2 protein chains.
Amino acid sequence: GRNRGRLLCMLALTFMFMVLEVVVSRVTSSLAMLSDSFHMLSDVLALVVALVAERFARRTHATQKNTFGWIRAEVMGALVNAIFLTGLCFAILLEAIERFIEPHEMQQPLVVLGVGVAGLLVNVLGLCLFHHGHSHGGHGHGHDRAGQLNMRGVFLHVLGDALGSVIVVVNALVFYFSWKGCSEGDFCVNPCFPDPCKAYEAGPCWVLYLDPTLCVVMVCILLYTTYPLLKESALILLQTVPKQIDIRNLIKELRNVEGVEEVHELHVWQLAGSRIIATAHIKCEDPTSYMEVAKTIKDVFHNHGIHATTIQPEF
Amino acid sequence: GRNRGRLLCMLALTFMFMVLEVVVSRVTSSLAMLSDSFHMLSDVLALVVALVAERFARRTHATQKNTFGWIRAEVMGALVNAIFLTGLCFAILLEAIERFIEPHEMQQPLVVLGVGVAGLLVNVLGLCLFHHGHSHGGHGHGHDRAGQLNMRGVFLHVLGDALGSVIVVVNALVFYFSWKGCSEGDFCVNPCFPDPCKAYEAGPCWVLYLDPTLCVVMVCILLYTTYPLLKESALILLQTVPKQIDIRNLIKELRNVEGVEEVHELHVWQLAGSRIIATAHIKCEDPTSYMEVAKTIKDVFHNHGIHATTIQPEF
Ligand SMILES: [Zn+2]
Ligand SMILES: [Zn+2]
Ligand SMILES: [Zn+2]
Ligand SMILES: [Zn+2]
């Protein structure tokens with residue numbers, strides 16, 4: 001409820017800021033603003049993926065197209081958001097390099113500054129806002145993490161953009177305060193800026209390379225903060241034993257338990273969130289005591305937290 | 001062996017064509033070629049993430065950080081390649097739109113045509129070249145798909161680029177054969193092309209919008225051919241029952257087996273490739289006949305192909 005509401009609100013606000021950019025470009029007769037319209041198309045794509053994902057994670061029930069259900073869909077949503085952000089980070093880095101090798105000068109600094117401040121406000125609002133395993137429930141004795149991962153994915157995109165907004169605002173301010181370049185055409189020369197199109201002193205060209213370098217630094221930050229989630233997400237999709245559980249201790253402890261000849265094929269794997277699933281085979285001697293033995297076996301897995309289990313007797 | 005060899009060969013050839021583009025740009029004093037040097041960073045990135053996938057998928061061996069192995073790592077490699085291609089497709093579409101709204105004219109058509117023909121040859125070479133679940137093996141009676149998915153992922157990128165090379169070559173040819181635009185400056189006017197920088201008849205402007213539209217069409221093709229894999233890959237990561245297996249028939253057939261009145265918690269899920277894993281609970285009356293009953297139970301799962309199983313008795 002709350003999560004879907006937050007995502008829908010941000011998607012709606014994102015469309016509103018898209019319309020604001022388009023109309024501002026229309027009044028100003030500029031096209032790079034329209035280019036900013038498309039970054040907005042990309043934030044809208046992250047938000048829509050995070051959401052298919054919330055509806056779907058909710059169908060936590062035993063369908064027959066998935067005997068397990070869909071919570072893993074939410075983890076995958078987090079994963080794909082992370083991968084999308086990493087791809088956008090690489091494309092941003094390659095644009096930063098392309099602007100380092102080819103400096104780019106912009107026009108109408110005031111409207112750029114205004115749209116950048118508005119985007120900074122929107123992104124700060126988003127960052128403040130976004131701050132059948134038979135497991136989550138039931139003691140589990142028998143005869144929520146995914147939400148955090150999905151929101152951290154959306155939070156990283158919003159942070160990414162926010163850093164983009166900070167870079168645009170700072171660059172526009174530095175241009176307006178410290179760049180005195182010439183465009184009138186009378187006593188006009190651009191020594192630093194190459195490519196002064198076709199055939200006083202211009203502004204300090206060092207400032208223009210202020211834009212690339214910070215962007216590069218920016219992506220590093222994002223990549224750093226992106227790395228744990230895509231690690232965590234790709235391990236929720238690798239059937240790796242969760243870090244809290246160690247298998248060597250489990251094997252020796254199980255065998256310690258009475259009546260148990262062995263264990264073989266112990267697979268412990270983590271479902272989406274805290275729904276760790278473990279299946280085992282346990283050799284015994286007397287099948288009748290097997291049941292009490294199996295309850296002891298359930299007690300072990302249990303101490304270790306694995307409260308969903310299937311342990312074949314293999315007499 | 002063969003797969004790692006193909007991937008390493010294409011990565012090496014990709015670096016060679018990167019160096020060729022950089023040196024050609026150096027001789028020609030052009031920078032958009034350097035832009036082509038960067039798409040190359042992306043083809044190289046797919047090729048590396050398709051590989052770490054190959055390196056890991058072979059460690060199919062009961063580790064204690066992952067009790068299943070890493071074949072799922074290969075499926076995830078396929079998945080991430082697909083997602084990367086889809087992201088590049090969206091960015092390409094948004095660049096195509098940005099060039100539709102702002103037409104772009106290029107210089108030095110001959111070197112662009114040569115690099116495009118070389119890239120077309122490289123991409124055609126790549127397309128012709130790239131054309132413990134205890135399941136793959138063992139009868140499995142007891143007391144390779146992932147490679148296709150990973151290569152189809154790499155094949156789709158290579159196809160994507162190949163279509164990019166075809167578009168660049170065709171556009172360069174059409175410019176050289178049907179575009180007679182003016183740049184000398186004497187009896188010179190660009191009516192269609194707006195933004196003729198700062199202050200005869202130019203070439204037909206309809207051709208210049210030839211570049212955007214085809215690109216858009218191109219991405220559609222890619223998206224179409226990309227959709228099944230990312231569906232197939234994201235279901236290998238959703239624990240959904242494989243399409244060949246239906247659960248309703250399985251439940252009734254297991255119930256029809258003599259000595260069984262119950263099944264509960266039937267989970268059937270597909271490991272990476274054809275390593276379908278199914279765990280079940282089966283209630284019985286006489287534990288001694290349970291063993292022969294369990295062999296019958298193994299026969300059922302088996303017919304259905306589920307060749308790894310754990311089936312707790314719950315007497
Ligand atoms: Zn963004
Ligand atoms: Zn317990
Ligand atoms: Zn490519
Ligand atoms: Zn069989």
# chains A, B, ... in the order shown; residues from 1 in each chain; ligands from 1
call {"tool": "residues_near_ligand", "arguments": {"ligand": "ligand 4", "cutoff": "8 Å", "atoms": "only C-alpha atoms and all ligand atoms", "output": "list in words"}}
result
residues 139, 140, 141, 298, 299, 301, 302, 303, 305, 306 and 307 of chain B
call {"tool": "write_last_selection", "arguments": {"atoms": "N, CA and C atoms", "output": "mmCIF file, in the first residue's frame"}}
result
data_model
loop_
_atom_site.group_PDB
_atom_site.id
_atom_site.type_symbol
_atom_site.label_atom_id
_atom_site.label_comp_id
_atom_site.auth_asym_id
_atom_site.auth_seq_id
_atom_site.Cartn_x
_atom_site.Cartn_y
_atom_site.Cartn_z
ATOM 1 N N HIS B 139 21.415 -41.524 -14.434
ATOM 2 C CA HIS B 139 20.028 -41.772 -14.755
ATOM 3 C C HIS B 139 19.316 -40.958 -13.669
ATOM 4 N N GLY B 140 19.902 -40.897 -12.479
ATOM 5 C CA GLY B 140 19.311 -40.080 -11.451
ATOM 6 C C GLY B 140 18.527 -40.940 -10.530
ATOM 7 N N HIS B 141 18.159 -42.143 -10.964
ATOM 8 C CA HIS B 141 17.517 -43.070 -10.033
ATOM 9 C C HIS B 141 18.492 -43.234 -8.897
ATOM 10 N N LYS B 298 9.146 -41.988 -7.121
ATOM 11 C CA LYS B 298 10.260 -41.564 -7.957
ATOM 12 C C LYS B 298 9.970 -41.863 -9.417
ATOM 13 N N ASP B 299 9.286 -42.978 -9.674
ATOM 14 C CA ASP B 299 8.898 -43.305 -11.037
ATOM 15 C C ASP B 299 7.980 -42.242 -11.614
ATOM 16 N N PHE B 301 7.707 -38.936 -10.681
ATOM 17 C CA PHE B 301 8.378 -37.699 -10.969
ATOM 18 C C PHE B 301 9.154 -38.079 -12.139
ATOM 19 N N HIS B 302 9.652 -39.276 -12.145
ATOM 20 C CA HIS B 302 10.552 -39.464 -13.229
ATOM 21 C C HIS B 302 9.879 -39.393 -14.527
ATOM 22 N N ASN B 303 8.713 -39.964 -14.635
ATOM 23 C CA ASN B 303 8.220 -39.941 -15.973
ATOM 24 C C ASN B 303 8.176 -38.508 -16.335
ATOM 25 N N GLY B 305 9.995 -36.307 -15.935
ATOM 26 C CA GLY B 305 11.302 -35.753 -16.205
ATOM 27 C C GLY B 305 12.012 -35.228 -14.973
ATOM 28 N N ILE B 306 11.283 -35.054 -13.869
ATOM 29 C CA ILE B 306 11.872 -34.418 -12.696
ATOM 30 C C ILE B 306 12.794 -35.397 -12.185
ATOM 31 N N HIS B 307 14.057 -35.247 -12.505
ATOM 32 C CA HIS B 307 14.961 -36.307 -12.082
ATOM 33 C C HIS B 307 15.788 -36.025 -10.809
#
call {"tool": "closest_atom_pairs", "arguments": {"of": "chain B", "to": "chain A", "cutoff": "6 Å", "atoms": "only C-alpha atoms", "output": "JSON lines"}}
result
{"residue": "B:65", "atom": "CA", "partner": "A:240", "partner_atom": "CA", "distance": 5.8}
{"residue": "B:66", "atom": "CA", "partner": "A:240", "partner_atom": "CA", "distance": 4.1}
{"residue": "B:67", "atom": "CA", "partner": "A:267", "partner_atom": "CA", "distance": 5.4}
{"residue": "B:72", "atom": "CA", "partner": "A:238", "partner_atom": "CA", "distance": 5.8}
{"residue": "B:238", "atom": "CA", "partner": "A:72", "partner_atom": "CA", "distance": 5.8}
{"residue": "B:240", "atom": "CA", "partner": "A:66", "partner_atom": "CA", "distance": 4.0}
{"residue": "B:241", "atom": "CA", "partner": "A:66", "partner_atom": "CA", "distance": 5.4}
{"residue": "B:267", "atom": "CA", "partner": "A:67", "partner_atom": "CA", "distance": 5.2}
{"residue": "B:310", "atom": "CA", "partner": "A:312", "partner_atom": "CA", "distance": 5.7}
{"residue": "B:311", "atom": "CA", "partner": "A:312", "partner_atom": "CA", "distance": 5.6}
{"residue": "B:312", "atom": "CA", "partner": "A:312", "partner_atom": "CA", "distance": 4.6}
call {"tool": "select_by_dssp", "arguments": {"residues": "stretch 59-252 of chain B", "states": "alpha helix (DSSP H)", "output": "JSON, numbers by chain"}}
result
{"B": [71, 72, 73, 74, 75, 76, 77, 78, 79, 80, 81, 82, 83, 84, 85, 86, 87, 88, 89, 90, 91, 92, 93, 94, 95, 96, 97, 98, 99, 100, 101, 109, 110, 111, 112, 113, 114, 115, 116, 117, 118, 119, 120, 121, 122, 123, 124, 125, 126, 127, 128, 129, 145, 146, 147, 148, 149, 150, 151, 152, 153, 154, 155, 156, 157, 158, 159, 160, 161, 162, 163, 164, 165, 166, 167, 168, 169, 170, 171, 172, 173, 174, 175, 176, 177, 178, 205, 206, 207, 208, 210, 211, 212, 213, 214, 215, 216, 217, 218, 219, 220, 221, 222, 223, 224, 225, 226, 227, 228, 229, 230, 231, 232, 233, 234, 235, 236, 247, 248, 249, 250, 251, 252]}
call {"tool": "closest_residue", "arguments": {"among": "A:160, A:37, A:137, A:23", "to": "ligand 2", "atoms": "only C-alpha atoms and all ligand atoms"}}
result
A:137
call {"tool": "residues_around", "arguments": {"residues": "residue B:202", "least_positions_apart": "3", "cutoff": "6 Å", "atoms": "only C-alpha atoms", "output": "PyMOL selection string"}}
result
chain B and resi 181-182+190
call {"tool": "residues_around", "arguments": {"residues": "residue B:2", "least_positions_apart": "3", "cutoff": "12 Å", "atoms": "only C-alpha atoms", "output": "ChimeraX atom specification"}}
result
/B:5-9,54,129-130,147,151
call {"tool": "residues_around", "arguments": {"residues": "stretch 103-120 of chain A", "least_positions_apart": "5", "cutoff": "6 Å", "atoms": "only C-alpha atoms", "output": "JSON, numbers by chain"}}
result
{"A": [162, 165, 168, 169, 172]}
call {"tool": "closest_residue", "arguments": {"among": "B:186, B:144, B:261, B:232", "to": "residue B:273", "atoms": "only C-alpha atoms"}}
result
B:144
call {"tool": "select_by_dssp", "arguments": {"residues": "stretch 48-282 of chain B", "states": "strand (DSSP E)", "output": "MDAnalysis selection string"}}
result
chainID B and resid 264:271 275:281
call {"tool": "write_last_selection", "arguments": {"atoms": "C-alpha atoms", "output": "CSV table (one decimal), in the first residue's frame"}}
result
chain,number,residue,atom,x,y,z
B,264,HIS,CA,1.5,-31.1,-0.1
B,265,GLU,CA,4.1,-28.5,-0.8
B,266,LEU,CA,4.9,-29.7,-4.2
B,267,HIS,CA,7.4,-27.3,-5.5
B,268,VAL,CA,8.9,-28.0,-8.9
B,269,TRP,CA,11.3,-25.5,-10.1
B,270,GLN,CA,13.8,-25.3,-12.8
B,271,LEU,CA,17.5,-25.0,-12.2
B,275,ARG,CA,18.0,-29.5,-14.1
B,276,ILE,CA,14.4,-29.4,-12.9
B,277,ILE,CA,14.2,-29.8,-9.2
B,278,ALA,CA,11.1,-31.0,-7.4
B,279,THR,CA,10.5,-31.5,-3.7
B,280,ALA,CA,7.3,-33.1,-2.3
B,281,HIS,CA,5.6,-34.4,0.9
call {"tool": "closest_residue", "arguments": {"among": "B:125, B:96, B:163, B:53", "to": "ligand 3", "atoms": "only C-alpha atoms and all ligand atoms"}}
result
B:163
call {"tool": "closest_residue", "arguments": {"among": "A:223, A:138, A:121, A:285", "to": "ligand 2", "atoms": "only C-alpha atoms and all ligand atoms"}}
result
A:138
call {"tool": "closest_residue", "arguments": {"among": "B:154, B:20, B:60, B:49", "to": "ligand 3", "atoms": "only C-alpha atoms and all ligand atoms"}}
result
B:154
call {"tool": "residues_around", "arguments": {"residues": "residue B:4", "least_positions_apart": "5", "cutoff": "10 Å", "atoms": "only C-alpha atoms", "output": "list in words"}}
result
residues 9, 10, 50, 51, 52, 54 and 55 of chain B
call {"tool": "write_last_selection", "arguments": {"atoms": "N, CA, C and O atoms", "output": "PDB file, in the first residue's frame"}}
result
ATOM      1  N   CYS B   9      38.142 -14.756 -28.782  1.00  0.00           N
ATOM      2  CA  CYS B   9      38.499 -14.300 -30.118  1.00  0.00           C
ATOM      3  C   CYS B   9      37.734 -13.038 -30.497  1.00  0.00           C
ATOM      4  O   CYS B   9      38.323 -12.087 -31.023  1.00  0.00           O
ATOM      5  N   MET B  10      36.415 -13.020 -30.273  1.00  0.00           N
ATOM      6  CA  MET B  10      35.647 -11.815 -30.587  1.00  0.00           C
ATOM      7  C   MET B  10      36.049 -10.624 -29.731  1.00  0.00           C
ATOM      8  O   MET B  10      36.091  -9.503 -30.238  1.00  0.00           O
ATOM      9  N   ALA B  50      29.547 -11.915 -20.670  1.00  0.00           N
ATOM     10  CA  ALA B  50      28.994 -13.149 -21.133  1.00  0.00           C
ATOM     11  C   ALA B  50      29.944 -14.084 -20.731  1.00  0.00           C
ATOM     12  O   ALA B  50      29.590 -15.221 -20.531  1.00  0.00           O
ATOM     13  N   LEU B  51      31.193 -13.682 -20.705  1.00  0.00           N
ATOM     14  CA  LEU B  51      32.231 -14.600 -20.172  1.00  0.00           C
ATOM     15  C   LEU B  51      32.315 -14.893 -18.694  1.00  0.00           C
ATOM     16  O   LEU B  51      32.415 -16.026 -18.308  1.00  0.00           O
ATOM     17  N   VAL B  52      32.252 -13.904 -17.850  1.00  0.00           N
ATOM     18  CA  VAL B  52      32.475 -14.257 -16.503  1.00  0.00           C
ATOM     19  C   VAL B  52      31.419 -15.195 -16.373  1.00  0.00           C
ATOM     20  O   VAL B  52      31.499 -16.073 -15.628  1.00  0.00           O
ATOM     21  N   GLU B  54      30.693 -17.573 -18.464  1.00  0.00           N
ATOM     22  CA  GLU B  54      31.236 -18.861 -18.886  1.00  0.00           C
ATOM     23  C   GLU B  54      32.194 -19.400 -17.838  1.00  0.00           C
ATOM     24  O   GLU B  54      32.109 -20.578 -17.445  1.00  0.00           O
ATOM     25  N   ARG B  55      33.024 -18.520 -17.278  1.00  0.00           N
ATOM     26  CA  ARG B  55      33.954 -18.989 -16.268  1.00  0.00           C
ATOM     27  C   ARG B  55      33.182 -19.506 -15.075  1.00  0.00           C
ATOM     28  O   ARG B  55      33.480 -20.598 -14.579  1.00  0.00           O
TER      29      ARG B  55
END
call {"tool": "atom_distance", "arguments": {"atom1": "atom CA of residue B:254", "atom2": "atom CA of residue B:308"}}
result
15.9 Å
